[PDB]
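# Secondary and tertiary structure notes
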Amino acid sequence: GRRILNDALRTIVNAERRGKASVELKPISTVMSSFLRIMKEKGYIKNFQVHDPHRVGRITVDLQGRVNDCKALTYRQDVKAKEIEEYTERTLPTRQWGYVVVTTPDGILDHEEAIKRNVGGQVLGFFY
Amino acid sequence: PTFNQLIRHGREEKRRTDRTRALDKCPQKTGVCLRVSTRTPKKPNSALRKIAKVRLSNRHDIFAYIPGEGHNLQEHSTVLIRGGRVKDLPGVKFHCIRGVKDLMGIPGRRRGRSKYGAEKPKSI
Amino acid sequence: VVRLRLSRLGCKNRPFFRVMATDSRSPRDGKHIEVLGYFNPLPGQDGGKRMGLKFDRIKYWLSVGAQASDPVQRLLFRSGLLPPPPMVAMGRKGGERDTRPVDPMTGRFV
Amino acid sequence: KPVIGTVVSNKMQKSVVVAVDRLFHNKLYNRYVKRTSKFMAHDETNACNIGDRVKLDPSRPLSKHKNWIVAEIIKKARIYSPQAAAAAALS
RNA sequence: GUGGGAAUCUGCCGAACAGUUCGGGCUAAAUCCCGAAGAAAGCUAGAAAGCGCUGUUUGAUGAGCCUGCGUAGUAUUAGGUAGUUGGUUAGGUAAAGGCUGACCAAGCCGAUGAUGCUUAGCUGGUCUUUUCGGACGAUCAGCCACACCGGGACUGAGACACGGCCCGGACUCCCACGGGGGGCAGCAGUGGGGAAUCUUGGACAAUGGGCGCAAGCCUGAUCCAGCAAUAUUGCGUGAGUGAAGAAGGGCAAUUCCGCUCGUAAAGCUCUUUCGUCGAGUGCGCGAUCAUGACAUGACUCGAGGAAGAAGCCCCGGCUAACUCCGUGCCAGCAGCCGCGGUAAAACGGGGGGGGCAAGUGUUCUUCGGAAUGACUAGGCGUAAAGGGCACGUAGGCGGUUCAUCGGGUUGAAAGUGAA
Ligand SMILES: [K+]
Ligand SMILES: [K+]
Ligand SMILES: [K+]
Ligand SMILES: [K+]
Ligand SMILES: [K+]
Ligand SMILES: [K+]
Ligand SMILES: [Mg+2]
Ligand SMILES: [Mg+2]
Ligand SMILES: [Mg+2]
Ligand SMILES: [Mg+2]
Ligand SMILES: [Mg+2]
Ligand SMILES: [Mg+2]
Ligand SMILES: [Mg+2]
Ligand SMILES: [Mg+2]
Ligand SMILES: [Mg+2]
Ligand SMILES: [Mg+2]
Ligand SMILES: [Mg+2]
Ligand SMILES: [Mg+2]
Ligand SMILES: [Mg+2]
Ligand SMILES: [Mg+2]
Ligand SMILES: [Mg+2]
Ligand SMILES: [Mg+2]
Ligand SMILES: [Mg+2]
Ligand SMILES: [Mg+2]
Ligand SMILES: [Mg+2]
Ligand SMILES: [Mg+2]
Ligand SMILES: [Mg+2]
Ligand SMILES: [Mg+2]
Ligand SMILES: [Mg+2]
Ligand SMILES: [Mg+2]
Ligand SMILES: [Mg+2]
Ligand SMILES: [Mg+2]
Ligand SMILES: [Mg+2]
Ligand SMILES: [Mg+2]
Ligand SMILES: [Mg+2]
Ligand SMILES: [Mg+2]
Ligand SMILES: [Mg+2]
Ligand SMILES: [Mg+2]
């Protein structure tokens, strides 16, 4: 999942820098759909649509020119509920703007919601 | 290197040789002079520097420089040797301490005299 | 034997004591089972001395049979956890005292 | 806890050697390193082959090195036999 | 170091339950030893229902044993092991066990580094550093090992026992010459080595320990004094005023009291912190029922006179701070670049100035600067560095959906993380 997740995120950033309108991602995953939902809620992409999610998936994303870099971690990284803010102050390059997206028992959340819910898990990646 | 490479083989340190091995991690040593002679410097500097071949208390043969103006060192003479090389003379890596053992201080030195072992003159 | 005793703290000419439960063969400042409280032997600014104790823990160690030493008996009695020592029933050694009042801020006589 | 291992040796009488697996957290470089410990275990009936996954239970020292008792064989190893292979080949 | 386990013991201390009966032996006796029942042991009307012992249940504290995880360098060390790995049966141990006698099988450890070699006590922690790391393990505290060098066991609840025993060896001292005696890596102290590290002190007054019913007796554990600028964000070396701009020293188209040392000094007024000297109370206080080495101390009062107390390095650039005289690639300086060959801000002296300050410079060692081994945080076309090219073992990494489970993960609670 990490290889295809980083693959799609780097496709998104590479096509953002060319000033395009839409991107197509294939292969896809449910983790990738939830990550894109977090990006849409934070306002870095406008819309995304998932096509044929149970046989051969493809995702179309519409861009607007707002995201600077998206990374997905290629290794295992644990985090507890009380280490989220200290980890965020060292993961983001600017230490102010950007969100760390972790996966939890309560679902795939970002780093600000998981502090409120008091639940930790595996760090998936970040976008800023 | 990749993180797997750094896990399997770590990172080493830089190679650097010791300058003053004959002191053996000690500030000063006590030695007996075997010869007292002069040497010419490396060009373009031309002089006649006073050196003394000293056998230390751990049986090492070193070359020591004699500071200041004038000296009274003889052979088989006990001197105190400290680190610090001389740039003009290649192969000379030490200094003699003025004012202790038999190497006397310099009378008449007034500026920076504690480096040469002179006592403070009397104010009259 | 498990004992309740005092261990020395502070510095030279400035004592302080810690009430600790130790095994009897341990050193004075060495291994201990528990720390139970503190005691200031010097008189404070209020004209009295200071003491703090862990009441439940001292109750537990006394119930399992620890033997307090000879100043700890006095301090546990004044704290009201032990009966009085036998030699306190004797009355003080009276006599004249230098009762000239002294001004507290300057140390000279008033 | 629960100790589960794979049998690597069974050529002793009433004894097996079981290899257990663990992950060591290399803190400086933030990766997980697989490490192995081989354990000698007691098995009275001599039933464990090479390649099965068994579970270990702690016990008192039974020998100089034997400190574990095999409790249950989880997954049994597969053994190829040529004569029975030809017998099932004919069918 | 951290967390656990079952196959054991545990004097003194707390709490129950029952006994403490009779002979003999050691010149004389016994709570010393032997025997019988069931295990023992008696003392005291001076300590008579007060001590002590024995047996059996237990708390508490210690100790033996086992174990999961973590814990140097080296591959220019690749094989090591033979009671070695397991099994049965006996013996032994308080206690599991090749701990070992006999017999049986050929196993066990190893490329996830066995074995060989070099080095080292481990931890809490100390120094340094925008977190990480690096060097260290000195004082203090926890664990371990050792007691002139090797090997043993006895007593004992507990030792294979620093100031206990036996045997061997080296050294050393006495001897009446037959032979005995000794182990400061306990506190002082002495030779030796070294660049270098302390008094052959006082007292059990406080704390802790041993014995004792107590009274009390021991304690180089400790507490307190002595030496050493070895360290620490301490304090003081005066506060004002003073122009005859004194004398003297240095420099000068030799300008402006010619410029400066310079209100600086001398002199006059004030106050005595630290130190000096002389006295007085002391259940001030460390200690209370009483017990004070420290204590010739501390506290309070009095005498006094600015009186007793400022050096070290530097002044070409890096780097704050400039002139005269002597030398002449000589003498010499130097952390780096470098200066010195007749006008040297760089050598040595006079004067003046700058930085620290009872200190200040030189040497040794550590970290930073050093992103100069780069996890945080670097690289490999031409600068150091892509294997001549592949195939593959271990390892590392690696698509999608649905369901089950709960080892990793995660939330709460409890135990633990000594000082
Ligand atoms: K090795
Ligand atoms: K510990
Ligand atoms: K020995
Ligand atoms: K005492
Ligand atoms: K000094
Ligand atoms: K003075
Ligand atoms: Mg064993
Ligand atoms: Mg050693
Ligand atoms: Mg740094
Ligand atoms: Mg270490
Ligand atoms: Mg020492
Ligand atoms: Mg004894
Ligand atoms: Mg015995
Ligand atoms: Mg002894
Ligand atoms: Mg001795
Ligand atoms: Mg000594
Ligand atoms: Mg000497
Ligand atoms: Mg006492
Ligand atoms: Mg007693
Ligand atoms: Mg100071
Ligand atoms: Mg005074
Ligand atoms: Mg006086
Ligand atoms: Mg008193
Ligand atoms: Mg004194
Ligand atoms: Mg300058
Ligand atoms: Mg000149
Ligand atoms: Mg200079
Ligand atoms: Mg000069
Ligand atoms: Mg570094
Ligand atoms: Mg890197
Ligand atoms: Mg580079
Ligand atoms: Mg490359
Ligand atoms: Mg090539
Ligand atoms: Mg090449
Ligand atoms: Mg699922
Ligand atoms: Mg789970
Ligand atoms: Mg907790
Ligand atoms: Mg602590």
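- Its PDB header names cryo-EM as the technique used to obtain the model and reports a resolution of 3.05 Å.

### Concerning the overall build of chain D
- Secondary structure assignment for chain D yields one helix and five strands.
- When its helices and strands are written in sequence order, chain D yields β-β-β-β-β-α.
- For chain D, the residues scored as buried account for 25% of the 91 residues in total.
- Surface exposure of chain D reaches about 6,900 Å², of which carbon and sulfur atoms provide 55%.

### A word on the protein's contact with RNA strand E
- Taken together, the neighbourhood of RNA strand E is formed by 130 residues, with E12 and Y65 of chain B, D23 and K49 of chain C together with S9 of chain D sitting nearest.
- The sugar-phosphate portion of RNA strand E accounts for 75% of its atoms within 4 Å of the protein, the bases making up the rest.
- Here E12 of chain B contributes a backbone N or O atom positioned 2.3 Å from a sugar or linking oxygen of RNA strand E.
- At 2.7 Å, a side-chain N or O of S69 of chain C approaches a phosphate oxygen of RNA strand E.
- Of the residues forming the surface near RNA strand E, the biggest block, six residues, is contributed by strand β3 (residues 31-42) of chain D.
- For the surface near RNA strand E, the residue count by class is 37 nonpolar, 40 polar and 53 charged.

### Some points on the side chain of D110 of chain A
Residue and element names in this part refer to chain A.
- In this structure, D110 sits in strand β7 (residues 107-110).
- Within polar-contact distance, the side chain of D110 engages the backbone nitrogen of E113 at 3.1 Å.
- When sequence neighbours within four positions are dropped, the list of residues in contact with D110 reads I38, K42, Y99, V100, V101 and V102.

### Overview of the packing of aromatic side chains
- All chains considered together, the criterion is met by eight aromatic pairs over all chains.
- Ring geometry for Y44 of chain A and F127 of chain A: centres 5.1 Å apart, planes at 70°, overall edge-to-face. A residue pair is termed long-range when its members are at least 10 positions apart, and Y44 of chain A in the loop between α2 (30-42) and β2 (47-51) and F127 of chain A in strand β8 (residues 121-127) qualify at 83 residues. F127 of chain A shares its class with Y44 of chain A; the two are buried.
- Among the aromatic residues, those joined into a cluster by ring pairs are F35, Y44, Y99 and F127 of chain A.
- The ring of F109 of chain C carries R100 of chain C above its face, with NZ or CZ at 4.3 Å from the centroid.

### Digging into the sheet that holds strand β5 (residues 94-96) of chain B
Residues and elements named next belong to chain B.
- Read around the barrel, five strands follow the order β1-β2-β3-β5-β4 and close on themselves; strand pairing throughout is mixed. Shown here is a sheet whose adjacent strand axes are inclined to one another by a mean of 50°, direction ignored.
- When strand β1 (residues 28-39) meets strand β2 (residues 49-56), the two strands line up antiparallel, connected through eight bridges. Across the sheet, the residue bridging to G31 is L56, located in β2.

### Regarding the nonpolar core
- Within the largest apolar cluster, 24 residues are counted, with the highest numbers of intra-cluster contacts made by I12, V23, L25, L36, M39, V61 and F127 of chain A.
- Of all the secondary structure elements, the ones that give two or more residues to this core are α1 (2-17), β1 (22-25), α2, β3 (58-62), β4 (70-72) and β6 (99-104) of chain A.
- Of the residues forming this core, the biggest block, six residues, is contributed by α1 of chain A.
- The contacts of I12 of chain A, once residues within four sequence positions are left out, are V23, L25, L36 and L63 of chain A.
- In this structure, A52, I62, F94 and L103 of chain B belong to the second largest nonpolar core, which totals 15 residues.

### Details of unusual backbone geometry
- Residue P27 of chain A is bonded to the preceding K26 of chain A through a cis peptide linkage, with omega at 5°.
- Examined against the element boundaries, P27 of chain A turns out to sit in the loop between β1 and α2.
- Here the bond from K43 of chain B into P44 of chain B is cis, since omega is 15°, no more than 30 degrees from zero.
- Within the secondary structure, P44 of chain B sits in the loop between β1 and β2.

### Quick look at the pairing of β2 of chain A
All names here are of chain A.
- Bridge count between β2 and β3: five bridges; the pairing is antiparallel. By the bridge assignment for β3, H51 is matched with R58.
- From the end of β2 to the start of β3, which pair antiparallel, there are six residues, and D52 there has a positive phi angle of about 55°.

### A few points about α2 of chain A
All names here are of chain A.
- Along its 13 residues, α2 runs 19 Å from first to last C-alpha, staying within 8% of the 18 Å computed at 1.5 Å per residue.
- For α2, the full list of buried residues reads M32, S34, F35, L36, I38 and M39.
- Following α2 by one or two positions, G43 has its phi on the positive side, about 90°.

### So, the sheet that holds strand β3 (residues 34-40) of chain C
Residues and elements named next belong to chain C.
- Taken in spatial order, the five strands of this open sheet run β4-β3-β2-β1-β5, and their pairing is mixed. The open sheet has two edge strands, β4 (50-53) and β5 (67-68), and neither has a second partner.
- Both strand β2 (residues 14-23) and β3 contribute to a ladder of five bridges, which runs antiparallel. By the bridge assignment, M20 is partnered in β3 with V35.
- Along the sheet, helix α2 (residues 70-78) contacts β1 (2-11), β3, β4 and β5; its crossing angle with β1, the most-contacted strand, is approximately 95°.

### Looking at the pairing of β3 of chain D
Residue and element names in this part refer to chain D.
- Bridge count for strand β2 (residues 15-26) against β3 is 12 bridges, and the pairing is antiparallel. In the sheet register, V18 faces β3, and the bridge partner there is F39.
- Following β2, the chain reverses through four residues before pairing antiparallel with β3; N30 in that reversal takes a positive phi of roughly 60°.
- Looking at chain direction, β3 and strand β5 (residues 68-75) are connected through two bridges and run parallel.

### Regarding a positive patch on the surface
Residues and elements named next belong to chain B.
- On the surface, a cluster of positive charge is made up of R19, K42, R85 and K87.
- The topology assignment puts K42 in the loop between β1 and β2.
- You can call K42 partly exposed: its relative accessible area is 47%.

Rules used in this analysis
- Residues numbered from 1 in each chain as written, not as in the entry; some residues may be left out.
- Chains lettered and ligands numbered in written order.
- Part of a larger assembly, values for the part shown.
- Heavy atoms only, no water.
- Helix = DSSP H or I, 4+ residues; strand = E, 2+ residues; numbered from the N terminus.
- Buried < 20%, exposed > 50% of the residue type's maximum accessible area, 1.4 Å probe, protein only.
- Areas by Shrake-Rupley, 256 points an atom, 1.4 Å probe, with all protein chains shown as cover.
- Near = heavy atom within 4 Å.
- Polar contact = N/O pair within 3.5 Å; in protein donor to acceptor, adjacent residues only side chain to side chain.
- Nonpolar A, V, L, I, M, F, W, Y, C, P; charged D, E, K, R; others polar.
- Contact = heavy atoms within 4.5 Å.
- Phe/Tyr/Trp six-rings, centres within 6.5 Å; stacked < 30°, edge-to-face > 60°.
- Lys NZ or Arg CZ within 6 Å of the ring centre and 35° of its normal.
- Pairing = 2+ DSSP bridges.
- Axes fitted to C-alpha atoms, helices over the stretch in contact; angles between N-to-C directions.
- Core = buried A, V, L, I, M, F, W, Y, C linked by side-chain atoms within 4.5 Å.
- Expected span 1.5 Å × (residues − 1).
- Patch = residues over 30% accessible without salt bridge, like charges linked within 9 Å, V, L, I, M, F, W, Y side chains within 5 Å.
- Salt bridge = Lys/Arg side-chain N within 4 Å of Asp/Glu carboxyl O.
- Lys, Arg positive; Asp, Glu negative; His and termini not counted.
- Charge placed at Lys NZ, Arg CZ, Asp CG, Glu CD.

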